[PDB]
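Each residue of the sequence shown is one higher than the last, beginning at 498 in the numbering used here.
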Amino acid sequence: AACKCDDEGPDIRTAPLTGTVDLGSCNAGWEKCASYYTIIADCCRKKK
């Protein structure tokens with residue numbers, strides 16, 4: 498799911514809606530957009 502970013506990095510492919518709702522934590526190459534979102538989900542941005 499598409500999440501809106503606090504850490505609005507230069508890599509705007511789309512809109513402020515760039516981050517994905519990642520479960521628990523974040524994956525390799527996925528940096529914190531909105532560090533915490535909901536209960537057991539955080540927003541991470543796949544940035545190169």
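From the three backbone atoms N, C-alpha and C, an ideal C-beta is built for every residue, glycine too.
DSSP puts residue i in a beta bridge; with which residues?
i	result
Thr535	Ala538
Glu505	Paired residues: none, contrary to the question.
Near residue i, which residues of its chain fall below 8 Å by C-beta distance, leaving aside the five closest residues on each side in sequence?
i	result
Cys523	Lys529, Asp539, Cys541
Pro507	none
Could you work out which residue in the options is closest to residue i when comparing CA atoms only?
i	options	result
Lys544	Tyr534, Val518, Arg510	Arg510
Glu505	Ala499, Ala531, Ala498, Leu520	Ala531
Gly521	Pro513, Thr515, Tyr533	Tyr533
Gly516	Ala525, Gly526, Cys502, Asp508	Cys502
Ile537	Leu514, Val518, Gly526, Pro507	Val518
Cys500	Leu514, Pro507, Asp508	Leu514
Quick check on residue i: does DSSP put it in helix, strand or coil?
i	result
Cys500	strand
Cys530	strand
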